[PDB]
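The structure appears right after this line, and notes come after that.
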Amino acid sequence: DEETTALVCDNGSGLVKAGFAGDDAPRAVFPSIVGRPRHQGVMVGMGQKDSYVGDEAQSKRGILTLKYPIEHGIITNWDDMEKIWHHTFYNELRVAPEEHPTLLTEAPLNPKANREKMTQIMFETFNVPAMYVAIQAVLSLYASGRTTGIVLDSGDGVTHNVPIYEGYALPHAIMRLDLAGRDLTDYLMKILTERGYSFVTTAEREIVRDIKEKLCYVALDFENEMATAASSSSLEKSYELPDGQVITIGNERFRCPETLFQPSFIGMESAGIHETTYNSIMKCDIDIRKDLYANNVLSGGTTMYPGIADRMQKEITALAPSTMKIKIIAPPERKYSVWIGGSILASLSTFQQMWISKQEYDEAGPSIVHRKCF
Amino acid sequence: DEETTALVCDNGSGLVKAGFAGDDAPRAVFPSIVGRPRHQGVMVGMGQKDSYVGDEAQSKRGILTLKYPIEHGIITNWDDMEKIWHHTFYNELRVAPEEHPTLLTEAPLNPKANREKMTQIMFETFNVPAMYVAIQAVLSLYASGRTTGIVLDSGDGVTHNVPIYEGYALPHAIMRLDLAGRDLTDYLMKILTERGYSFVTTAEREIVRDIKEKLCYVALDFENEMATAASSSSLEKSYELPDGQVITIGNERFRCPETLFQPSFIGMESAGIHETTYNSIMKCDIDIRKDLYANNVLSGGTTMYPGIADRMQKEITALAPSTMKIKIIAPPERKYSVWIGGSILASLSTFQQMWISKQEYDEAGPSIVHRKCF
Amino acid sequence: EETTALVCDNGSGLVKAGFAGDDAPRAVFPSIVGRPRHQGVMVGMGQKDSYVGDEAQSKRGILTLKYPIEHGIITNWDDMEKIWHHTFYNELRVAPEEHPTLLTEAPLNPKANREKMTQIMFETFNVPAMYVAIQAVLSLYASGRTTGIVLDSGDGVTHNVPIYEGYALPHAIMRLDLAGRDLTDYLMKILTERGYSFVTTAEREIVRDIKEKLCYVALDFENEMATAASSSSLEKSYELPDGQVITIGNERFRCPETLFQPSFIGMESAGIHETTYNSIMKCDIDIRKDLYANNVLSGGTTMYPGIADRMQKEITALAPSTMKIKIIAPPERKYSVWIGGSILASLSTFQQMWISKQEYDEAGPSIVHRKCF
Amino acid sequence: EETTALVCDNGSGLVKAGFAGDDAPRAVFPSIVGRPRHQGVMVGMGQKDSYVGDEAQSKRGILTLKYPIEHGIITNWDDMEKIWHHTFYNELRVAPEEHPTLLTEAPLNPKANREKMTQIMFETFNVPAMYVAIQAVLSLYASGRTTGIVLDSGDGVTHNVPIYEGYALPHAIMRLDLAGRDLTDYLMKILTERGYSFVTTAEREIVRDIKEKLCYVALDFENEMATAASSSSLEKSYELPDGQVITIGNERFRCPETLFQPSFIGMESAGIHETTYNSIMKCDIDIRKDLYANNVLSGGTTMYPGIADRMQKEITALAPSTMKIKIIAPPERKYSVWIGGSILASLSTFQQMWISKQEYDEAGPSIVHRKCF
Ligand SMILES: Nc1ncnc2c1ncn2[C@@H]1O[C@H](COP(=O)(O)OP(=O)(O)O)[C@@H](O)[C@H]1O
Ligand SMILES: Nc1ncnc2c1ncn2[C@@H]1O[C@H](COP(=O)(O)OP(=O)(O)O)[C@@H](O)[C@H]1O
Ligand SMILES: Nc1ncnc2c1ncn2[C@@H]1O[C@H](COP(=O)(O)OP(=O)(O)O)[C@@H](O)[C@H]1O
Ligand SMILES: Nc1ncnc2c1ncn2[C@@H]1O[C@H](COP(=O)(O)OP(=O)(O)O)[C@@H](O)[C@H]1O
Ligand SMILES: [Mg+2]
Ligand SMILES: [Mg+2]
Ligand SMILES: [Mg+2]
Ligand SMILES: [Mg+2]
């Protein structure tokens, strides 16, 4: 109880996590997808809706078109986002937002107008008493109970990096890279055509994504793994499509995740995630690098490939001096790391003074977000 | 016990020595540095201070800025000095100064206002029952148990000279030189850039200082030492930085301490320390010079370079007549020579009458320091 | 050099063959294999059991037409060996033992398609050398250009690929299923609303010939349907082989419109005007200017009247108004791929990239995917 | 005169070359070496494997730009020999066998940087003589002065050095890391807050051109941000090569401000107005009066509008109010170093300090650090 009962929402990109503050796990998880009917629509007395949002669209995806409003972190369809927020407040959580402060998350290095429009909708359409916006990668350090370390948060829209030393951030050592899990699915679709399988419908992008989540893995070494797959056939697995017609996957199993370390497979000029996180460490001060090397933290859904922790260690020690020690912390839960940190933050007694009240918004306007109250 | 238990404090410049009177060694040694946070400061519930003073600033020097209150000996930041004195009385010594007379040190040829402000702070903010101020180089003769001799006290702020003959000082033969250990570190930073190493951050000045304290040494002869280093590579040592990336030092090893004997490397017009101490001897009376030549005393931290005692002897006998004998006394301990003399002085039964009492300060004011009670 | 290299363009539904260094292909004939359907009374006739090529078109009234290539990928390997034998001994009248050959292949195809083609040529026909090239790359050789974006639409598949100063961008290549074969099927379906039925596979040729002579692309679709709804000045007559002339109304300009609106059949992909715009925006920022002014058209299905003006109108509606957009349409389009192949197989610098018999024996059929494509 | 000495200014990001005794450099081109990135289809093109100079700028859409020099020090010695070959045979069209050359070097640089430059010129190119001079010393020759303090800020490093009546003070020389290259990177970061992304190394040239045309220095920073917050009269438009014009607001005057407030990136050093004040106070007491009234500006990165008035305002806030302070800004600033080099290499008294081939053979590469600098 306590009559405060703050709310936590993690918009993300492609997955929505919602729940109450002070719990252990989110109470509602569902994709952020809005669908529209495509075909003629014969017969009568059915009483069927004109748009489906959430898990309902996944069930009926065979006749309707999937569309994603949020992309690369920035929201592009504001009319669709108000539909998703209405679904996770009245239909799933079954709560009235009039007496419930909410907490939201935002990726680093985003357009300023993205934050301002979110504040207008919550404070006017939903009439929340208070609200807040926090960086996703900062909350990931609250979950682990740490104060020092470098966090690599890779999700579906964008992966970013930020170092923190004893509760102080370094804004000039923050790196952002577009490569994410959405671009990995598209690459898998392209290289699957070389075996004879065609997946072009937007409703068939979910079929390819499910294959990636179950079969793909990261190889420790790329040159000699392609040699073993070229001769023997012990690296093949079978997948059953919904209508049947089972398929076989060969060396494409470990080729799609490799794009993270070699982003030249799509055509980008940036370096891999192992070199991006090394440049951030070398951008900080000299005497704080030692504690940053031994406190590498992994978070995000796209980081749960098997063998990704061992591959990252091998590449990092090849660049760093051989004297020091390097370790990577990978908690058993990674997808909900951001939400857990948000629940912890919204329960401290010292945090109850940094809420953005309704009175402040009326006097100052939507520009109050960029002030000392972030 | 004895319920008197006088206190001894040596402010210095860059190092603070504190302890009780009648002991063998100081009980508290820590740098005189005050630091301020530099970066944004994300996170909550940390409860972190706004300023760190002493050994705490050295540990966290990677995010904060180091600042020194005393320069060339005189105090420039009076607000910061009250912070250091509070740290060495309640936090480190763990004592109440209300029932503890204190003894302080001061360099020769200093502004008059420097002494007056020190008396005001101790007698009003801390409410000491008594206090005293003594010259640093006079106390260095108490430690050695001598009465005659010339003392060259070189520290971090300023080096000075003063001759004493059988308990009588000669104020007109006192020489003060600007060069000290702080200017030696800056010269090492400049000549290190010719090999490819850059050290510009104020927190990186501690890295360069530690190299000087471990590798540098004084060469007996400068012309032929540069010839051996030019051909062979047997004069090089390696240093490991905190993050790794070991470095190599060549002929810069013996070039930085040479500035003491040749102050033209920075641009000063004054003579070296070997000629400054010779002019002081020739400024005294004719028949007392014989005892001054054979009683040369070395004190201070910056005088603990290897080979500095033999180099000083070689240059001095080149100027003095060849008939007489010249020797230099270098005790195994040199950094604590001033503190040891202060402890001895504050324990004699005949010294208990020259304390500056609270009653005298109230009646006369801060100008009582310049009277017969120094 | 006395090489006299050979050039062959398999395509899908039309075969172009000839010698290297000439101006036009020497043999053009459909790729169709037919089988008798009826009883077969009478004696002393001495009639064959299968007809391939132009022979099947003449006798299509008693036999069934079958296509071995669908959307580009070969599905009947036994029938393809029959077609290749026809274009080497019966039409070209040549012995392939002393004649290097050049073949074409569409982008984004199964890997096994290339490997099986190499096995047949190097073993059944015993060619001394062979090569495989992309169809849309050869279309730029014919025009004598080095920069530009090529939209090659044929009978099986239309594809797009940008090239800038002799460098390709493999990540900006788009492939679309829609082609000329799906346009004929749509015409058959909408012809039933007037009373005409065309269901036999030998009657698909009747509908195709109507499309090649009457259909055209309209500049605007909304107001063209208004003029056809009121007046009857947009109707033409076609005479069937046995007579019974027919009339075509607004179906004349409705079948080609499927290219710009692929929702008429049920596909979710965008039209050819939006597919080629996405490819341009997928490249680098400073090379887009030269790509806008060097749009090249090739392929048989691109020879609809008014298709060049319609493409220009839609493209400038999306691109910024500052720059200029033009489309290059050579007077010959069906033979653009073959002409580029003849030019490539004659340069002195190309004589080193042939896949020799010695290399195939040592390495095997996997040599195609190596540096020698 | 058969001597015809050569002058070369390597710099960092721009190369100035020409003959001695002229008015302006004859060849100016960026110091960039590019490598192809993509597949490279097509044949008969005959295209090179690396482009250096202005050629790489034209074709930057398919290749990667790389800079050999960084912060004054040369990091890629294999690439530098390619640039020097380009400015001697391809652009200047001269044979260096009978042409003494003059080179420039920044203060407080690694000793090995000077030695390697002497080896390449005296062995690979076989010059009869050569010399190396400090960049900021040559800037005083152009103005025809003898006393003054020179602040030379370029693309790699800004440095300061006071000179009084032909005598230098080596102990009052300050070197700062901040330069024009770090200003471009800051502009890229703060441009993302409006929605524009510039991440490709070929897109760093787009951002640099915006800085050279729109950015300016504001006299006061606190009240300028107030006017830009309310009105929209401080916005200008820029047209990208493909179109899609953009708008710049208060970022117009925020990027150059980093010079006076280097805490925007994270550096702890003071601004250029306080660095030049500390150098003056490091000299002797009676020579400061002539140094205050002879402040000289040189370098490309000093040609921001309003930079001369802003520097004056901050300097007089620290110096005593009795004396007068002025800043000399010649109409030409980018070529100030080259002009001084041409003047020096023409005096009759300078013809004795050349480093001859005979001296190098007898002494070796260490002759550079001797009395003949
Ligand atoms: N077990 C797994 N293996 C590989 N990838 C996964 C796995 N589980 C999820 N993913 C990928 O992670 C993405 C989800 O990331 P998520 O944590 O939801 O980020 P966000 O909250 O920003 O959407 C999906 O696109 C999916 O492709
Ligand atoms: N072993 C050593 N060799 C050379 N220099 C030293 C050594 N130890 C200390 N120093 C120098 O001496 C200085 C400390 O002098 P110190 O005795 O503390 O004088 P003060 O008490 O006036 O600060 C330091 O700056 C350091 O550079
Ligand atoms: N004049 C024309 N107008 C419209 N369509 C045509 C015309 N001529 C040919 N076509 C179409 O083009 C197709 C032939 O394309 P073609 O160039 O042979 O491609 P491929 O070589 O891949 O078979 C035929 O199916 C036909 O429908
Ligand atoms: N008009 C201008 N306004 C602002 N900056 C400029 C202008 N012209 C040139 N610059 C900057 O000056 C730099 C060139 O400096 P330059 O004189 O070439 O030094 P160097 O010779 O050491 O390369 C470029 O990086 C550019 O950003
Ligand atoms: Mg996330
Ligand atoms: Mg001392
Ligand atoms: Mg074709
Ligand atoms: Mg320059």
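Chains as they are written, first to last, in the entry's author numbering: chain A, 2 to 375; chain B, 2 to 375; chain D, 3 to 375; chain C, 3 to 375. Backbone N, C-alpha and C fix where the C-beta goes; we use that ideal spot for every residue, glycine too.
#### Entry: Length at least 3, wholly inside the stretch 51–92 of chain C: the beta strand (DSSP E) runs in chain order
Fully contained in the stretch 51–92 of chain C are the following beta strand (DSSP E) runs of length 3 or more, in chain order: 65–68.
### Nearest-angstrom Cα separation, counted from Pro98(A) out to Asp80(A)
Locating residue 80(A) in the first sequence gives position 79, counting from the first residue. Locating residue 98(A) in the first sequence gives position 97, counting from the first residue. Approximately 19 Å between the Cα atoms of the pair.
### Task
Could you say which of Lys213(C), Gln354(C), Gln49(C), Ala220(C) lies nearest to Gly302(C) if we only look at CA atoms?
Here residue 302(C) refers to the residue found at position 300 when the fourth sequence is read from its first residue. Ranking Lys213(C), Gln354(C), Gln49(C), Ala220(C) by Cα distance to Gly302(C) puts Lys213(C) first.
### Message
Check for me: the beta strand (DSSP E) holding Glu125(C) runs from which residue to which?
### Response
Counting from 1 along the fourth sequence, the entry for residue 125(C) is found at position 123. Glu125(C) -> no beta strand (DSSP E), and no H or E assigned at all.
#### Entry: Inter-stretch contact (C-beta, 8 Å, three-pair minimum) for the stretch 217–229 of chain A and the stretch 250–269 of chain A
yes
### Task
Report the option in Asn92(D), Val163(D), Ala144(D), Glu334(D) whose CA atom is closest to the CA atom of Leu153(D).
Along the third sequence, one-based indexing puts residue 153(D) at 151. Residue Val163(D) is the option with its Cα nearest to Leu153(D).
### Query
Residues in the stretch 263–284 of chain D with C-beta within 8 Å of chain A's C-beta atoms, listed in sequence order?
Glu270, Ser271
### Query
Beta carbon of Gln121(B): closer than 7 Å to some heavy atom of ligand 6?
Residue mapping note: residue 121(B) aligns to position 120 of the second sequence, counting from 1. Outside the cutoff, so no.
### Query
From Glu237(B) to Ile250(B), what distance separates their C-alpha atoms?
Mapped onto the second sequence, residue 237(B) falls at position 236. Mapped onto the second sequence, residue 250(B) falls at position 249. Spanning the two alpha carbons is a distance of roughly 5 Å.
### Task
Report all residues from its chain with a CB closer than 8 Å to the CB of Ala310(D); omit the five preceding and five following residues, and keep chain order.
Residue mapping note: residue 310(D) aligns to position 308 of the third sequence, counting from 1. Closer than 8 Å at the Cβ level, and outside the excluded window around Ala310(D), lie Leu299, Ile329, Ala331.
### Query
What residues match up with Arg37(B) in a beta bridge as DSSP calls it?
Here residue 37(B) is taken as the residue at index 36 of the second sequence, counted from 1. Paired residue(s): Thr66(B).
### Task
Could you tell me which chain C residues have their CB closer than 7 Å to the CB of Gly197(B), listed as they occur along the chain?
Here residue 197(B) corresponds to residue number 196 of the second sequence, with the count starting at 1. Here the neighbours are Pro112.
### Query
Hey, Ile34(B) and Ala7(B): beta-carbon distance below 8 Å or not?
Within the second sequence, the letter at position 33 stands for residue 34(B). Within the second sequence, the letter at position 6 stands for residue 7(B). No. Outside cutoff.
### Message
Measuring straight from C-alpha to C-alpha, what distance separates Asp11(D) and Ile151(D)?
### Response
If you number the third sequence from 1, residue 11(D) lands on position 9. If you number the third sequence from 1, residue 151(D) lands on position 149. Each residue's Cα considered, the two are about 21 Å apart.
### Query
Residues in the stretch 62–85 of chain B with C-beta within 8 Å of chain A's C-beta atoms, listed in sequence order?
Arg62, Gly63, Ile64
### Query
Which chain B residues are close to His173(C), counting only those with a beta carbon under 7 Å from its beta carbon?
Numbered from its first residue, the fourth sequence carries residue 173(C) at position 171. Per Cβ cutoff of 7 Å: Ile267, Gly268.
### Query
Is the beta carbon of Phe266(D) less than 8 Å from the beta carbon of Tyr143(D)?
Within the third sequence, numbered from 1, the residue matching residue 266(D) stands at position 264. Within the third sequence, numbered from 1, the residue matching residue 143(D) stands at position 141. No, the pair does not count as a contact, with Cβ atoms beyond the cut-off.
### Message
For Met305(B), would you say it is in contact with chain A, using Cβ-to-Cβ distances shorter than 8 Å as the test?
### Response
As a first step, residue 305(B) is located in the second sequence; it is residue number 304 there, counting from the start. Answer no: the Cβ-Cβ gap between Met305(B) and chain A never drops below 8 Å.
### Task
Count the C-beta pairs between the stretch 277–292 of chain B and the stretch 229–245 of chain B that are closer than 8 Å, then say yes if the count reaches three, no if not.
no
### Query
Which residues bound the beta strand (DSSP E) around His161(C)?
Residue 161(C) sits at position 159 when you count from the first residue of the fourth sequence. Counting along the chain, the beta strand (DSSP E) containing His161(C) begins and ends at 160–166.
### Message
Mapping the DSSP letters down to three states, classify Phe200(D) as helix, strand or coil.
### Response
In the third sequence, residue 200(D) corresponds to position 198, counting from 1. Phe200(D) falls in the coil class under three-state DSSP.
### Task
Output yes if chain A places a C-beta closer than 8 Å to the C-beta of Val201(C); else output no.
By one-based count along the fourth sequence, residue 201(C) stands at place 199. Yes, because at least one Cβ of chain A sits closer than 8 Å to the Cβ of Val201(C).
### Query
Hey, would you say the C-beta of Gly342(D) is under 7 Å away from at least one heavy atom of ligand 8?
On the third sequence, residue 342(D) is found 340 positions in, with the first residue counted as 1. Not so, every heavy atom of ligand 8 lies at least 7 Å from the Cβ.
### Task
Consider the Cβ of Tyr133(A): report whether some Cβ of chain B lies at a distance smaller than 8 Å.
Walking along the first sequence from the start, residue 133(A) turns up at place 132. No, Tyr133(A) does not count as interfacial toward chain B.
### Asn297(D) - DSSP class collapsed to helix/strand/coil
Here residue 297(D) is taken as the residue at index 295 of the third sequence, counted from 1. Three-state DSSP puts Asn297(D) in a strand.
### Task
Provide the residue(s) that pair with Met176(A) in DSSP beta bridges, ordered along the chain.
Position 175 of the first sequence, counted from the first residue, corresponds to residue 176(A). In DSSP, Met176(A) forms a bridge with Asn162(A).
### Query
What are the boundary residues of the alpha helix (DSSP H) that includes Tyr279(B)?
As a position in the second sequence, residue 279(B) is number 278, starting the count at 1. Where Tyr279(B) is concerned, the enclosing alpha helix (DSSP H) stretches over 274–283.
### 9 Å Cβ cut-off: residues of chain A touching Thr194(C)
On the fourth sequence, residue 194(C) is found 192 positions in, with the first residue counted as 1. Against chain A, a Cβ distance below 9 Å from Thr194(C) picks out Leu110, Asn111, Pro112, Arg177.
### Query
Tell me which same chain residues have a C-beta within less than 7 Å of the C-beta of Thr148(A), skipping the five on either side of it?
As a first step, residue 148(A) must be located in the first sequence, where it is residue number 147. Excluding sequence neighbours, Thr148(A) sits near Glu167, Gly168.
### Query
So which residues of chain C does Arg116(D) contact, with C-beta pairs closer than 7 Å?
Translated into the one-based positions of the third sequence, residue 116(D) becomes position 114. Neighbours of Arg116(D) on chain C: none; closest Cβ ~17 Å, over 7 Å.
### Query
Could you give the distance in angstroms between the alpha-carbon of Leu185(A) and the alpha-carbon of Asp157(A)?
Along the first sequence, one-based indexing puts residue 185(A) at 184. Along the first sequence, one-based indexing puts residue 157(A) at 156. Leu185(A) and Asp157(A): Cα-Cα distance of roughly 9 Å.
### Query
Are there 16 or more other CB atoms within 10 angstroms of the CB of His161(B), so buried, or fewer, so exposed?
Reading the second sequence from its first residue, position 160 is the one you call residue 161(B). Its Cβ being crowded by 16 or more others within 10 Å, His161(B) is buried.
### Query
What does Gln41(C) touch in chain D if you count any residue whose Cβ is under 9 Å from its own?
On the fourth sequence, position 39 is the one that residue 41(C) refers to. Those are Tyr169, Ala170, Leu171, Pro172, listed as they occur along chain D.
### Query
Using CA coordinates, which residue listed in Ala231(D), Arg312(D), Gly197(D) is at the minimum distance from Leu221(D)?
Position 219 of the third sequence, counted from the start, is the residue given in the question as residue 221(D). It is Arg312(D).
### Task
Starting from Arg290(D), find everything on chain C with Cβ-Cβ shorter than 8 Å and list it in chain order.
Walking along the third sequence from the start, residue 290(D) turns up at place 288. Under a criterion of Cβ atoms nearer than 8 Å, the residues of chain C adjacent to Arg290(D) are, in order, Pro243, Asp244.
### Message
Quick test of the definition: if touching needs 3 or more C-beta pairs under 8 Å, does the stretch 97–111 of chain D touch the stretch 168–184 of chain A?
### Response
no
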